[PDB]
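Structure assessment
Chain residues, written in single-letter form:
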4 protein chains.
Amino acid sequence: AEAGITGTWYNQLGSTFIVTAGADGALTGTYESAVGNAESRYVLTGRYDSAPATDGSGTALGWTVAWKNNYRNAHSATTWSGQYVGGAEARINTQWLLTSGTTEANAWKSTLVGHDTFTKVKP
Amino acid sequence: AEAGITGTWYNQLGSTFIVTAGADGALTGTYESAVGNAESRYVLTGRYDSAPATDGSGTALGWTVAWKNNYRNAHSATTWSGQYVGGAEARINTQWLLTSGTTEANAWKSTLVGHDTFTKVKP
Amino acid sequence: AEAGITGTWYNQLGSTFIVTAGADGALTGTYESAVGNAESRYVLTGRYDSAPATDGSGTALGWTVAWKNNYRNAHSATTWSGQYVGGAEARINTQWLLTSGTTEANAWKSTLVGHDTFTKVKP
Amino acid sequence: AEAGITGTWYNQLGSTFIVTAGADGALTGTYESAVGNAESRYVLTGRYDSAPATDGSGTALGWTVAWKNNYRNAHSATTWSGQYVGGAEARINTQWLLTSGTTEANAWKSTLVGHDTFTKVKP
Ligand SMILES: O=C1N[C@H]2NC(=O)N[C@H]2N1
Ligand SMILES: O=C1N[C@H]2NC(=O)N[C@H]2N1
Ligand SMILES: O=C1N[C@H]2NC(=O)N[C@H]2N1
Ligand SMILES: O=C1N[C@H]2NC(=O)N[C@H]2N1
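X-ray crystallography is the method the PDB entry lists for this structure, together with a resolution of 1.4 Å.

Okay, structure coming up:
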């Protein structure tokens, strides 16, 4: 975990995220999305659970990206929840929630759900 | 948003989260869960999109809590994705993903999905 | 369950669904949505698990509505997954997935997630 | 769609589902799960939206399986929401919700979310 998590990861859509997993469960980094109302890099912050494992389980973690930077303001935020599996072919398997800011009338349709798999190799 | 978000919020399960929304989209604080394999306060970190709105839309945001502190290590992490609606009765409406670290055989059943509504009043 | 489920239910958005729970786990009926690219009644079909419970647990069930009828064709389908809780104030608590048919380029953003609570009283 | 959907499909976990898509949006068939508190075949019912598409979009559909048959009663139900993409390598991409019947105290953790991809070839 931690050391194993720090680095550059790529997902199936071609997005890239660079993260640093700190000693006490913090995750900090940047995310560049290959799809969406996203342009350039966005700041990401999250946490991982730093004391994962005598039965080769994954390390649970999550992070958030607010889609606003100096080139775009998409009025939305995405959170990724999943686990890090290390090894030869280490990966982070996630499910994500993308919520857009809406008026109250459209709040029922404000959130998209999806899944992303990240690897150290692209892809 | 931001100022409006900073403070103490409570949800329908009796959990409490105190957050500070910083000038540039950062969210930092603590979360105390009334249910689960959770005991005491846990650190939370997230982001909000700091330039939300000429049509009274909500402010999108998200945060993560890794369920590990000095009293418990639940080997899981939860991410909340939603939006802040301010006003008289301001609230943060969210959907969450709770992922547990599992062996590869059980990874298909590693994530729970739910929804929480937070208010400034409890509840 | 079954008998308890058969009837008319209403949710927080003002939608109404009439269902008949058959002896062997089948659910058949119609759904009229108060929001969306929906007009009139749509056919629904689902299942419930007909042998639910010495510890007052809910009865798990699910149903699907394809948003096509003789007045509208929204090219989408919604599935509701949840449980029936009977009693004085019986309710069906659900989480739903609404998938729209998209081109392959937009498949990552094809599904919305939400939650609906149905009661026998409106609302 | 419809004709294209009728047949046997397999997913990444080795589950198999045989379905018949009827002329007016109905889906009927059986599902055999390779994982879980599932043994043998279970009945499935759903709907698809029968008038999908001048821009090669997928056909939205959904189905439900209550995990009860003559060999097992898992007190749960799963709904799959997604779209059918036809062609050489046709597939049905889905996201699913598995709800278990719980007591009211545990209702917040009653639903798991996941994703399955089905192909006509196994896998
Ligand atoms: O990498 C990405 N994953 C998808 N989820 C999301 O929010 N934007 C898309 N880009
Ligand atoms: O406040 C809480 N919300 C629920 N989601 C979660 O992860 N733990 C529970 N407590
Ligand atoms: O009743 C409704 N619930 C929401 N989900 C959905 O698919 N349409 C909306 N209407
Ligand atoms: O095929 C399967 N998919 C998964 N979802 C589910 O409910 N059971 C598992 N089996």
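With respect to the site of ligand 1
Close to ligand 1 lie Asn11(A), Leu13(A), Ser15(A), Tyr31(A), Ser33(A), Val35(A), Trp67(A), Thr78(A), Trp96(A), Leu98(A), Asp116(A) and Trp108(C), which account for all nearby residues. Positioned at a junction of chains, ligand 1 has nearby residues supplied by chains A and C. Side-chain polar atom of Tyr31(A) to an oxygen atom of ligand 1: 2.6 Å apart, as the coordinates give it. Compared with its free state, where it exposes 260 Å², ligand 1 has 99% of that area covered by protein. In the shell around ligand 1, the residues fall into 7 nonpolar, 4 polar and 1 charged.

Considerations on the relation of the copies chain B and chain A
Note on the identical chains: chain B maps onto chain A by a rotation of 180° and an axial translation of 0.0 Å, with an RMSD of 0.0 Å. Here the copies are linked by what is in effect a two-fold axis. Looking at the interface residues of chain B, 100% of them are also at the interface in chain A, so both copies use one shared face.

Structural notes on the UniProt feature "domain: Avidin-like" in chain A
Taking the UniProt record as the reference, the feature "domain: Avidin-like" is found at residues 1-123 of chain A. Helix makes up 0% of residues 1-123 of chain A and strand 55%, and the two end C-alpha atoms of the span are 20 Å apart.

Here's the deal with the relation of the copies chain D and chain B
For the pair chain D and chain B, the best superposition has an RMSD of 0.0 Å and corresponds to a rotation of 180° with a translation of 0.0 Å parallel to the axis. A symmetric contact is evident, with 100% of the interface residues of chain D recurring at the interface of chain B.

What to know about the pairing of strand β3 (residues 26-32) of chain D
Residues and elements named next belong to chain D. Where strand β2 (residues 16-21) lies against β3, 6 bridges are found, and the strand directions are antiparallel. Bridging across to β3, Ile 18 finds its partner in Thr 30. Taking the residues between adjacent antiparallel strands as the criterion, β2 and β3 are bridged by 4 residues, where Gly 25 takes a positive phi near 80°.

Let's talk about the interface of chain D and chain B
Between chain D and chain B, the contact holds 11 residues from the first and 11 residues from the second. For the chain D and chain B pair, buried surface summed over both sides reaches about 1,000 Å², with 80% attributable to carbon and sulfur atoms. Among the residues chain D hides against chain B, the three largest losses belong to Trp108(D), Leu112(D) and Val113(D). Together they make up 57% of the total. Counting across the interface, chain D meets chain B through 0 salt bridges. The tally of links between chain D and chain B comes to 2 residue pairs in polar contact. Elements with a minimum of two residues in the side of chain D that touches chain B: β7 (91-100) and β8 (111-119) of chain D. Partitioning the side of chain D that touches chain B into residue classes produces 8 nonpolar, 2 polar and 1 charged.

Let's talk about the interface of chain B and chain A
Across the contact, 45 residues belong to chain B and 45 residues belong to chain A. Overall, the association of chain B and chain A removes approximately 3,100 Å² of surface from exposure, summing both partners, and the carbon and sulfur fraction of that is 57%. For the interface between chain B and chain A, the tally reads 2 salt bridges. The closest approach of N and O atoms between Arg91(B) and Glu104(A), which form a salt bridge, is 2.9 Å. Scanning the region where chain B abuts chain A turns up 20 residue pairs in polar contact. Elements with a minimum of two residues in the side of chain B that touches chain A: β4 (41-48), β5 (59-68), β6 (73-85) and β7 (91-100) of chain B.

Some words on the packing of aromatic side chains
Following the criterion strictly, the structure yields 48 aromatic pairs over all chains and no others. Considering the side-chain rings of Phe17(A) and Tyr31(A), the 6.0 Å spacing of their centres and the 20° angle between planes classify their relative orientation as stacked. Here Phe17(A), found in strand β2 (residues 16-21), pairs with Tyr31(A), found in strand β3 (residues 26-32); they are 14 residues apart in sequence, far enough to count as distant. Each of the two residues, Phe17(A) as well as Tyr31(A), counts as buried. Relative to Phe118(C), the ring of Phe17(C) lies with its centre 4.8 Å away and its plane at 75°, an arrangement referred to as edge-to-face. The exposure class assigned to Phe118(C) is buried, which follows from its relative accessible area of 0%. An aromatic cluster is present here, built from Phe17(A), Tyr31(A), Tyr42(A), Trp63(A), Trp67(A), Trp80(A) and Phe118(A) joined pairwise through their rings. Above the ring of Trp9(A), the side-chain terminus of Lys120(A) is found at 4.6 Å from the ring centroid.

Some thoughts on the pattern of salt bridges
All names here are of chain C. Per the counting criterion, the structure on display carries 8 salt bridges over all chains. Here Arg 41 makes a salt bridge to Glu 32, at a shortest N to O gap of 3.9 Å. By relative accessible area, which is 57% here, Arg 41 ends up exposed.

Observations concerning the UniProt feature "binding site: biotin" in chain A
Feature annotation in UniProt places "binding site: biotin" on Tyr31(A), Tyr42(A), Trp80(A), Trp96(A) and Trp108(A), given in this structure's numbering. Residue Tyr31(A) is classed as buried on the basis of its relative accessible area, which comes to 2%. Side chain to side chain, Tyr31(A) and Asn11(A) meet in a polar contact 3.3 Å long. With respect to the helices and strands, the residue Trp80(A) is situated in strand β6 (residues 73-85). Residues in contact with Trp80(A), not counting those within four places in the same chain, are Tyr31(A), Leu61(A), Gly62(A), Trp63(A), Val65(A), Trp67(A), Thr94(A), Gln95(A), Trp96(A), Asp116(A), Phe118(A) and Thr79(B).

About the cut-offs
Residues numbered from 1 in each chain as written, not as in the entry; some residues may be left out. Chains lettered and ligands numbered in written order. Heavy atoms only, no water. Near = heavy atom within 4 Å. Polar contact = N/O pair within 3.5 Å; in protein donor to acceptor, adjacent residues only side chain to side chain. Areas by Shrake-Rupley, 256 points an atom, 1.4 Å probe, with all protein chains shown as cover. Nonpolar A, V, L, I, M, F, W, Y, C, P; charged D, E, K, R; others polar. Least-squares fit on C-alpha atoms. Contact = heavy atoms within 4.5 Å. UniProt positions renumbered as here; feature names shortened; annotations may be inferred. Helix = DSSP H or I, 4+ residues; strand = E, 2+ residues; numbered from the N terminus. Pairing = 2+ DSSP bridges. Buried area = accessible area lost by both parts, 1.4 Å probe. Salt bridge = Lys/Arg side-chain N within 4 Å of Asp/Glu carboxyl O. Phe/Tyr/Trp six-rings, centres within 6.5 Å; stacked < 30°, edge-to-face > 60°. Buried < 20%, exposed > 50% of the residue type's maximum accessible area, 1.4 Å probe, protein only. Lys NZ or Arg CZ within 6 Å of the ring centre and 35° of its normal.

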